[PDB]
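In: Using only what follows, build the 3D model:
(one chain, ligands or ions: 2)
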Amino acid sequence: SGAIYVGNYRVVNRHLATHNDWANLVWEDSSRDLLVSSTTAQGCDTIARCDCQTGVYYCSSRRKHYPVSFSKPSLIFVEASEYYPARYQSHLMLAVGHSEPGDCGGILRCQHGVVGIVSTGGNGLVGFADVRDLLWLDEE
Ligand SMILES: COC[C@]1(C(=O)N2CCC[C@H](C(N)=O)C2)CCCCO1
Ligand SMILES: [Zn+2]
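Out: Residues are numbered from 1 along each chain as shown. Ligands and ions are numbered 1, 2, ... in the order given. There you are, the coordinates:
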């Protein structure tokens, strides 16, 4: 589990969104595994606006932050799970690292701020849903 709290927005994995998130919905995209809801309190996270390919992510199943090198956001085939059929997930970045069920939502960050959140795992790989192109998260 986990979310990004920027401005008056809460960014979560779409597959982990709560009823309150759907009742206060700002934007959602199944192909990216992302959903954004509105919040009453202002958040403290800042979004990175860059092309970094190195950063650090939080792995809840290890209670540890790991430095990683990651691919550029791309269209990647993800195997069937209990949340989605086998499909192409867009704006996904892969790295070598531990990610098991429960780790979705952990933040990936670089020197500029938050880059994205854990969205996929298994096989010694971790995949992150990028948020750096969502410029509107910085306003309103
Ligand atoms: C932390 O990821 C959890 C999981 C995963 O990759 N899933 C399951 C959750 C949805 C993910 C997706 N974005 O399509 C795919 C569990 C299934 C296999 C090991 O990793
Ligand atoms: Zn950066």
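
In: Outline the domain layout of this structure.
Out: 3-44, 45-140 (CATH domains of a matching chain).

In: gap between the two ends of the last one?
Out: Using CA to CA, to the nearest Å, the end-to-end distance of domain 45-140 comes to 15 Å.

In: what does the shortest one give?
Out: Taking CA to CA as the measure, domain 3-44 stretches 12 Å from start to finish.

In: That one near ligand 1 at all?
Out: Yes. Interface with ligand 1: domain 3-44 contributes 15, 33 (CB under 6 Å from any ligand atom). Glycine gets a C-beta too; all of them are placed from N, C-alpha and C.

In: How about the longest one?
Out: Yes. Domain 45-140 lies within reach of ligand 1 by CB under 6 Å from any ligand atom, at 78, 81, 83-84, 89, 99, 101, 103-104, 118-122.

In: Make JSON lines from those residues and add secondary structure to it.
Out: Output for these, formatted as JSON lines (DSSP: H, G, I helix; E, B strand; the rest coil):
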{"residue": "78", "secondary structure": "strand"}
{"residue": "81", "secondary structure": "coil"}
{"residue": "83", "secondary structure": "coil"}
{"residue": "84", "secondary structure": "coil"}
{"residue": "89", "secondary structure": "strand"}
{"residue": "99", "secondary structure": "coil"}
{"residue": "101", "secondary structure": "coil"}
{"residue": "103", "secondary structure": "coil"}
{"residue": "104", "secondary structure": "coil"}
{"residue": "118", "secondary structure": "strand"}
{"residue": "119", "secondary structure": "strand"}
{"residue": "120", "secondary structure": "strand"}
{"residue": "121", "secondary structure": "coil"}
{"residue": "122", "secondary structure": "coil"}
